[PDB]
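Here's the structure, in structure tokens; my notes come after.
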């Protein structure tokens, strides 16, 4: 499948694409404002994520640090990033269907639209000013709005027992972005698309 990743933000982001134990495509790249990066994702990829990283510094070897979404100091991410990270999540070609969602379970850093570029399903967006409105206890100094599990590390926020409910903190994310997952057992906002759809992730869509 092809994903076009577009940075519509006024600031540079360092896109990342991983399935947790490997890079997707090159795994990461700098996107200046307006730049588009087209990646190819192998069919059947399960548990892929795309996110943006902010305020990164990398040397010529591709090693460095970002204030949000750092994936072990690498430009080309192999692993998932450090919260807070708005996540585009996808599982492709799963019994003939693709499944996409946006998640705030690991917080929010950059607003995002995640839309098919092929026919037969709708996109999802989380484009509210979550950072601006972020509750004081969840604000990350580096930028971004952390989820409560990251901050507080309780069974309730992290849904460790597989039983958990919404929280004041999950409801904050859900109020601003109803179409994104706000906690682990949120009513799913997954979109089902035809298998082998193509997609565009747009940072700062509005």
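Residues displayed in chain A correspond, in order, to Swiss-Prot positions 23-228.
Per the header of the entry, the method used was X-ray crystallography, 1.7 Å.
Cβ atoms are placed via backbone N, Cα and C, with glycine included.
Here is what Swiss-Prot records for this protein:
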type     : residues : note
DISULFID : 31-226   : disulfide bond
DISULFID : 78-88    : disulfide bond
DISULFID : 93-99    : disulfide bond
DISULFID : 143-215  : disulfide bond
DISULFID : 148-199  : disulfide bond
DISULFID : 156-167  : disulfide bond
DISULFID : 171-180  : disulfide bond
DISULFID : 181-186  : disulfide bond
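Residue 167 (disulfide bond) falls within a strand segment according to DSSP. Its Cβ taken as reference, residue 88 (disulfide bond) is surrounded by 28 other Cβ atoms within 10 Å in the chains shown. Classification of residue 215 (disulfide bond) by DSSP places it within a strand. All protein chains considered, the CB of residue 181 (disulfide bond) has 18 other CB atoms within 10 Å. Cα to Cα, residue 180 (disulfide bond) and residue 78 (disulfide bond) are separated by 28 Å.
Take the Cα of residue 31 (disulfide bond) and measure to each of the disulfide-bonded residues 148, 171, 181, 199: the nearest one is 148. For the disulfide-bonded residues 31, 180, 186, 215, the greatest number of Cβ atoms within 10 Å around a candidate Cβ is found at 215. Within 10 Å of the C-beta of residue 78 (disulfide bond) we count 21 further C-beta atoms, all protein chains included. Annotation: 171 are the disulfide-bonded residues among 88, 93, 99, 156, 171 whose CA atoms are within 10 angstroms of the CA of residue 181 (disulfide bond).
Using a 10 Å radius centred on the Cβ of residue 93 (disulfide bond) and all shown protein chains, the other Cβ atoms total 23. Residue 167 (disulfide bond) sits 29 Å from residue 143 (disulfide bond), taking the C-alpha atoms as the reference points.
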